[PDB]
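To start, the structure under review is shown below, and the notes come after it.
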Amino acid sequence: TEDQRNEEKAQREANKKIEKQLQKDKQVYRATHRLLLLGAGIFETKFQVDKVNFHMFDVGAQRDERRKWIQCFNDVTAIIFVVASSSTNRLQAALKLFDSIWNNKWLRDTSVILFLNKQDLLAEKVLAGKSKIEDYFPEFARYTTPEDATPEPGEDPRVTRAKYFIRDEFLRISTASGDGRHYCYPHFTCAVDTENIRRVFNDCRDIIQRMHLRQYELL
Amino acid sequence: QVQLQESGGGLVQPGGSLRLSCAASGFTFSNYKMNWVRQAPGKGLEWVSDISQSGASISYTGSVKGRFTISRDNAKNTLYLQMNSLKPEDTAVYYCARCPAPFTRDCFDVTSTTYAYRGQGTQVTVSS
Amino acid sequence: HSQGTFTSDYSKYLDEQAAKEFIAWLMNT
Amino acid sequence: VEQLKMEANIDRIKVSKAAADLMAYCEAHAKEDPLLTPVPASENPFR
Amino acid sequence: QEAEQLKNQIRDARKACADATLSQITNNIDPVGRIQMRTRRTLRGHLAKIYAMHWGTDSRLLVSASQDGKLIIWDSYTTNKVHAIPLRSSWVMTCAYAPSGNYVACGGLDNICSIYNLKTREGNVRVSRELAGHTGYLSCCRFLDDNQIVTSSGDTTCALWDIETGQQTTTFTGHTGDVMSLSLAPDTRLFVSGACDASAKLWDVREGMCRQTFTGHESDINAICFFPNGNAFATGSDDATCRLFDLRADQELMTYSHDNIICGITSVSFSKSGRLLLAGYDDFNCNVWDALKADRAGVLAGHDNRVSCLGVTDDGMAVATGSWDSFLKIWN
Amino acid sequence: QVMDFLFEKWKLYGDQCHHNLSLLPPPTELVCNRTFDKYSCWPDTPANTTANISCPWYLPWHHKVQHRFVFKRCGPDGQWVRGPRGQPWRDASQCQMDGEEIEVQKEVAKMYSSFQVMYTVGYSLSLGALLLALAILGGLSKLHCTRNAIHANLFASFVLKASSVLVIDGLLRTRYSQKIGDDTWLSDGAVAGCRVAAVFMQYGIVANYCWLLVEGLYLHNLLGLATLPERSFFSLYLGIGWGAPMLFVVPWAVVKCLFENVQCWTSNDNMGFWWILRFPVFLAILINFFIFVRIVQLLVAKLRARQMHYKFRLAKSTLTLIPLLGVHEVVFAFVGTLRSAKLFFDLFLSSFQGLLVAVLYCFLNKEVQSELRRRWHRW
């Protein structure tokens, strides 16, 4: 009786202290936002914006095919997707990868942010001739500025036309099959880790608010 | 055994036409998407076209849009590609890829590694 | 919060009706 | 390429008698499987 | 290449052997009947999705590794968290419990297999050795003993180590695509490996090359497990079917498929006697295929999310299934 | 009220009449003997003469006009129009309630009964739906998360309020649906039950509005936070939801017991002890309406961009959120009969609020729909 109740109580005390530790750890686990960084197709960086912990996980030590190890990022709040707009034929591959991510069985509940890097390099790439955006996307030749959205000042209308064409192409890929909480947040940038953390934090806040609203069926 | 034999190809004068046939053996061809991936010499693999199971969302890369067509016969279990208005930079080696996700439209079949569900491919060249 | 007002009015209405009953039997007898 | 070479010389085993042996083992060890036949809760630690 | 005629003769060998299969041998065998599976206990307490689990030899303590950087060791008899090891890497894909119980191995996306010492002289747990050398992610690792551990990575390779020195004693290579599953034969001398090429390769630890290759699937193989006899093994792939291969027959023996299942098998495991075959699918269920007649005879639908791992106790008295809802259930 | 005042006045006037009859010489000397029917206070009159008897002012039904003198005819002994009880109570009876005020008699009873049978059946349906909601949610796997925990416990608050209202309805009826006819006074044992039922029902009302406030605060905090809640605050919310009514209902009950003790605490006379109980409800409604307008201002922003279109969703979202926050009361406060139509609307909505919330936040949503479908497929 007691010869077993002693170790039963010891195990109960161990369970109690371990449960207390788990409760303490959950408060910081649920208070931090996990992300994921991947480019066109170091391991973890922790930063903070407005007292919110962001754990941005940068894969890249793995192989090229990603149909198996990407499912683990299904619970990630937002997948950051950086794409080089300079190109050979890198942009089409990036777009196809984005489509595969969007229409994934397990990743269809995960929102995606987009970062169109190599912004300034496109200005010289559209004229060098090595990789012509018009040549590789003939439909862009007849394509003009979509709407009266204000571009950044001090730039040629051609480069903003190209960047908006890429943006609306990605948006067309995103909105073709919308079923879940997945949302696409496009952005324009030149260099990472420079005022982009604010945009990432704002988009993550929007994702969390939309998630809560969907929980309450208000949206 | 997932086998994707590829035929056709060869040397074709610029501006001509060609037919590529892909015979799939070892799996239910009518349950998977199908893709073509081309590799120019000294360059990485690039996706060209994709077709659904019976064919409802057929897409092509912008470079060859409006000049190449893709079709599939499930009863004959074969994938056909018609290449028209050929250009010299279209010279490459073509692979018939079956991205591995039945009854779903998601797949990652562009990698240059030893992709298991991609055929040996065939060579197409453009003369002067 | 008008439910409290409604039930108070109800109680007052029952009271004035019971007053009728009281004065009825008294006058009758 | 050597793996395919050294597997083409292994012994050939009759599938019929292999399946018969597997079935015989399965039926012989069936009494020791406390999952096919439900076990009384007296000797069942999960209850 | 001179291998087309070799494939021809190997296919002919398999075909000559392919007569009087178990499918029509086991017509006379009586069906096992419907099996009533009830969730005995719910081992709640994980934060993120449970992604791997393993059973101890004592059939009492089960280890479960989730994606919250946590690796719990539950006593199932009393449902008590004996240990809670905080992991350095949040992303974890596998976990193994040593047969002696001294050590627990964890392998995640960090390309590193970490061995944790549980009941060392100090009460607190810590790392014994931190194995490294794999380039891709580690998908499944299992303990041969307290000395050597065999693991399978995502770079088309498997590594047999020696923990005391942390060196690759043997490197098994020859697979194409990511290697997903890993199983050990009862004799601990041969082991099957499933990869993302619809091919399962039988390797010998003492040699280091592909002893045998078994191909019959049509998509990525996600789980694999030996028959208790050790002369056969079952394989669950993304083809939404389970195939029972055979070491001696060198070919497929039977397939476990149904018309209405459009979901790939995530985990698979036999029973103590091997009559049952419990396979955890992506449709949030766990189906018990009668491994001798290929007819489903039970569904375990206690999970609201996909089941990640599915272990069976050594004595066969229970079956514990994890899932992506952070809830691990015990069935009997 | 009216019963207590009438009884006290009858006591304080019957003794005076008896003392006046004792002061008067015997009414048997060839005079009309006065009958102690505890009603008419006619003194000794001459045999067979119709004395000018004036109706007393002790009747509360004569506040506007407390004077009525009529000729009462008696027999030589004193036998007026009596017989058994009183054929016509001598000849004086027109001093009761006049027919001018008879419109409030036997005519408003029909509409009161209609409203009664409407809101009681509404409360019964509400409590049935809420009990079903607790059965399918509270006892099932969805019990540990803060959102559905607060939802289920607020459903329990609605159940408590509805049960208290129905129970007190029955009590009040059986305070007057038992007229002892020739009746003494009402039973003392039922008075304590009436008082405890009244205080319990007030506690239920205040708890319901307080938890509407709790739901509003929880939603606002959840949407204002930049991530998942680091701390549950569940204990704090439960405390501010349960104990806050006890901060008001117990003081109201003790003030009613010590200062304005009456036959039943349902009746309200002085607003001094009524506003101290209305104040928490008004504060909860105001704060919840502010939270509602804030959430609407947020939701329009989330739908004015990044979405493909949208007025239907915004309208549907508002109609699925007002009952949860209970902010429709403020509309009635701001608001073709000014009485009948208004009452019917307000009582109907108040009764059916629990039913609508139970059917909306526990059956319609997909997180319960999928679970119920899976459970039925298994069963």
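Residue names in the structure tokens use chain letters A, B, ... in the order shown, residue numbers from 1 in each chain, and ligand numbers from 1 in the order shown.
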Give the residues of chain A that lie within 12 Å of chain E; count only C-alpha atoms, and format the answer as a count of residues only. 54
So which residues of segment 52-214 of chain F fall under strand (DSSP E) by DSSP, listed as a ChimeraX atom specification? /F:52-54,69-72
Output C-alpha atoms for every residue in the selection just made, as a PDB file, in the first residue's frame.
ATOM      1  CA  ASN F  52     -77.831  58.625   5.226  1.00  0.00           C
ATOM      2  CA  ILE F  53     -74.748  56.394   5.461  1.00  0.00           C
ATOM      3  CA  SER F  54     -71.526  57.918   4.131  1.00  0.00           C
ATOM      4  CA  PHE F  69     -73.298  59.357   1.057  1.00  0.00           C
ATOM      5  CA  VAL F  70     -76.285  57.183   0.131  1.00  0.00           C
ATOM      6  CA  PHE F  71     -79.540  56.196   1.824  1.00  0.00           C
ATOM      7  CA  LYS F  72     -79.365  52.739   3.425  1.00  0.00           C
TER       8      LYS F  72
END
Please identify all polymer residues within 12 Å of residue 315 of chain F, counting only C-alpha atoms, omitting same-chain residues fewer than 2 positions from it, and present them as a list in words.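 Returned residues: residues 218 and 219 of chain A; 296, 299, 300, 303, 310, 311, 312, 313, 317, 318, 319, 320, 321 and 322 of chain F.
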Would you write out those residues with N, CA and C atoms, as a CSV table (one decimal), in the first residue's frame?
chain,number,residue,atom,x,y,z
A,218,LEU,N,-16.7,36.3,-37.4
A,218,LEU,CA,-17.1,37.7,-37.8
A,218,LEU,C,-16.5,38.1,-39.1
A,219,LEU,N,-15.8,37.2,-39.8
A,219,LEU,CA,-15.1,37.5,-41.1
A,219,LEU,C,-15.1,36.3,-41.9
F,296,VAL,N,-16.5,47.3,-35.0
F,296,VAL,CA,-17.1,47.6,-36.4
F,296,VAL,C,-16.1,48.4,-37.1
F,299,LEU,N,-13.5,46.1,-38.3
F,299,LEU,CA,-13.9,45.1,-39.3
F,299,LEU,C,-14.1,45.7,-40.7
F,300,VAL,N,-14.6,47.0,-40.7
F,300,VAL,CA,-14.7,47.6,-42.0
F,300,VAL,C,-13.4,47.8,-42.7
F,303,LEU,N,-12.2,44.7,-44.3
F,303,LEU,CA,-12.9,44.3,-45.5
F,303,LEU,C,-12.8,45.4,-46.6
F,310,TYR,N,-19.5,43.4,-50.9
F,310,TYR,CA,-18.9,43.0,-49.6
F,310,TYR,C,-19.8,43.5,-48.5
F,311,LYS,N,-20.8,44.3,-48.8
F,311,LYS,CA,-21.8,44.8,-47.8
F,311,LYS,C,-22.5,43.7,-47.1
F,312,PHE,N,-22.7,42.5,-47.8
F,312,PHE,CA,-23.5,41.4,-47.2
F,312,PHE,C,-22.7,40.9,-46.0
F,313,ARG,N,-21.4,40.7,-46.2
F,313,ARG,CA,-20.6,40.1,-45.1
F,313,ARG,C,-20.6,41.1,-43.9
F,317,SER,N,-22.0,40.1,-40.4
F,317,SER,CA,-21.1,40.1,-39.2
F,317,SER,C,-21.8,40.9,-38.1
F,318,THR,N,-22.4,42.1,-38.4
F,318,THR,CA,-23.0,42.9,-37.4
F,318,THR,C,-24.2,42.2,-36.8
F,319,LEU,N,-25.0,41.5,-37.5
F,319,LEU,CA,-26.1,40.7,-37.0
F,319,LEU,C,-25.7,39.5,-36.2
F,320,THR,N,-24.5,39.0,-36.4
F,320,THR,CA,-24.1,37.9,-35.6
F,320,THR,C,-23.2,38.3,-34.4
F,321,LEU,N,-23.1,39.6,-34.2
F,321,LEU,CA,-22.3,40.1,-33.1
F,321,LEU,C,-23.0,40.9,-32.1
F,322,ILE,N,-24.1,41.6,-32.5
F,322,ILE,CA,-24.9,42.3,-31.5
F,322,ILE,C,-25.5,41.4,-30.4
Got a sec: who's within 9 Å of residue 64 of chain B, counting only C-alpha atoms, leaving out chain neighbours fewer than 3 positions off, as a PyMOL selection string? (chain A and resi 136) or (chain B and resi 48-49+60-61+67-68+90)
Extract, using only C-alpha atoms, all DNA, RNA and protein residues at most 6 Å from segment 232-249 of chain E, discarding same-chain residues fewer than 6 positions from it, and format them as a compact mmCIF listing (two decimals) with N, CA, C and O atoms, in the first residue's frame.
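Written file, out_29.txt:
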# COMPACT_ATOMS: atom_id res chain seq x y z
N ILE D 13 13.04 -17.48 -54.13
CA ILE D 13 12.17 -18.04 -53.10
C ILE D 13 10.75 -18.12 -53.65
O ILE D 13 10.24 -17.15 -54.21
N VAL D 15 7.05 -17.81 -53.88
CA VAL D 15 6.12 -16.90 -53.21
C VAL D 15 4.99 -17.67 -52.54
O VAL D 15 4.53 -17.30 -51.45
N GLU E 218 4.00 4.00 -56.11
CA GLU E 218 3.91 4.99 -57.16
C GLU E 218 4.18 6.41 -56.69
O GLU E 218 4.08 7.34 -57.50
N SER E 219 4.53 6.62 -55.43
CA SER E 219 4.79 7.96 -54.92
C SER E 219 5.72 7.86 -53.72
O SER E 219 6.30 6.80 -53.45
N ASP E 220 5.88 8.97 -53.01
CA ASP E 220 6.78 9.02 -51.87
C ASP E 220 6.36 8.03 -50.80
O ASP E 220 5.18 7.91 -50.47
N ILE E 221 7.34 7.31 -50.26
CA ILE E 221 7.10 6.37 -49.17
C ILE E 221 7.29 7.10 -47.85
O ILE E 221 8.32 7.73 -47.62
N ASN E 222 6.28 7.01 -46.98
CA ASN E 222 6.26 7.80 -45.75
C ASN E 222 6.48 6.99 -44.49
O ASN E 222 6.86 7.58 -43.47
N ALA E 223 6.26 5.68 -44.51
CA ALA E 223 6.47 4.87 -43.33
C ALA E 223 6.77 3.44 -43.74
O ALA E 223 6.36 2.99 -44.82
N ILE E 224 7.47 2.71 -42.87
CA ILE E 224 7.88 1.34 -43.16
C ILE E 224 8.08 0.62 -41.83
O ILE E 224 8.42 1.24 -40.82
N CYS E 225 7.84 -0.69 -41.83
CA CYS E 225 7.97 -1.45 -40.59
C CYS E 225 8.07 -2.94 -40.90
O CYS E 225 7.27 -3.46 -41.68
N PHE E 226 9.02 -3.62 -40.26
CA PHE E 226 9.15 -5.06 -40.43
C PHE E 226 7.96 -5.82 -39.85
O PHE E 226 7.33 -5.40 -38.88
N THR E 255 -1.34 -5.76 -51.55
CA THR E 255 -1.55 -4.33 -51.44
C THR E 255 -2.81 -4.05 -50.64
O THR E 255 -3.80 -4.78 -50.74
N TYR E 256 -2.76 -3.00 -49.83
CA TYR E 256 -3.87 -2.60 -48.96
C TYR E 256 -4.38 -1.26 -49.47
O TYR E 256 -3.87 -0.20 -49.10
N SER E 257 -5.39 -1.31 -50.34
CA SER E 257 -5.97 -0.11 -50.92
C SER E 257 -7.48 -0.20 -50.88
O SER E 257 -8.05 -1.30 -50.88
N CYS E 263 -6.17 9.61 -49.39
CA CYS E 263 -5.23 10.20 -48.45
C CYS E 263 -4.02 9.30 -48.30
O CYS E 263 -4.15 8.07 -48.19
N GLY E 264 -2.83 9.91 -48.28
CA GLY E 264 -1.61 9.14 -48.17
C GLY E 264 -1.37 8.66 -46.75
O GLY E 264 -1.66 9.36 -45.77
N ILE E 265 -0.82 7.45 -46.63
CA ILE E 265 -0.49 6.90 -45.33
C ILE E 265 0.67 7.68 -44.72
O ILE E 265 1.70 7.89 -45.36
Can you tell me, as a list in words, what residues are no more than 8 Å from residue 187 of chain A when counting only C-alpha atoms, ignoring any on the same chain fewer than 3 positions away? residues 113, 114, 115 and 116 of chain A
Of F:114, F:369, F:266, F:93, the one sitting nearest residue 12 of chain C when using only C-alpha atoms is F:266
Env of residue 115 of chain B: 9 Å cut, atoms = only C-alpha atoms, seq-sep filter 5 positions within chain, self excluded. Answer as a list in words. residues 65 of chain A; 97, 109 and 110 of chain B; 176, 177 and 197 of chain E
Output C-alpha atoms for every residue in the selection just made, as a compact mmCIF listing (two decimals), in the first residue's frame.
# COMPACT_ATOMS: atom_id res chain seq x y z
CA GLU A 65 13.39 19.56 -53.30
CA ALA B 97 7.90 15.02 -65.22
CA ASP B 109 9.15 19.10 -59.93
CA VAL B 110 11.80 21.55 -61.15
CA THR E 176 17.23 8.86 -54.70
CA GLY E 177 15.33 11.66 -53.00
CA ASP E 197 11.32 7.45 -54.86
Any idea what the distance is between atom CA of residue 332 of chain F and atom CA of residue 205 of chain F?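 Atom CA of residue 205 of chain F lies at a distance of 17.5 Å from atom CA of residue 332 of chain F.
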Backbone-only DSSP, alpha helix (DSSP H) members of segment 42-268 of chain F, as number ranges by chain: F: 108-137, 146-176, 188-224, 234-246, 249-259
Please report as a Markdown table every residue of chain A lying within 8 Å of chain B, along with the nearest atom pair and their distance in Å (one decimal), using only C-alpha atoms.
| residue | atom | partner | partner_atom | distance |
| --- | --- | --- | --- | --- |
| A:41 | CA | B:111 | CA | 8.0 |
| A:64 | CA | B:111 | CA | 6.1 |
| A:65 | CA | B:111 | CA | 5.9 |
| A:66 | CA | B:108 | CA | 7.2 |
| A:67 | CA | B:108 | CA | 6.3 |
| A:88 | CA | B:43 | CA | 7.8 |
| A:89 | CA | B:46 | CA | 7.3 |
| A:92 | CA | B:61 | CA | 7.5 |
| A:93 | CA | B:46 | CA | 6.9 |
| A:97 | CA | B:108 | CA | 6.9 |
| A:99 | CA | B:106 | CA | 7.7 |
| A:100 | CA | B:106 | CA | 4.7 |
| A:101 | CA | B:106 | CA | 7.3 |
| A:103 | CA | B:106 | CA | 5.6 |
| A:104 | CA | B:106 | CA | 5.3 |
| A:105 | CA | B:106 | CA | 7.6 |
| A:135 | CA | B:63 | CA | 7.0 |
| A:136 | CA | B:63 | CA | 5.0 |
| A:137 | CA | B:62 | CA | 4.9 |
| A:138 | CA | B:62 | CA | 6.5 |
| A:139 | CA | B:62 | CA | 7.7 |
For the atom pair atom CA of residue 21 of chain B and atom CA of residue 14 of chain E, what is the interatomic distance in Å to one decimal place? 29.2 Å
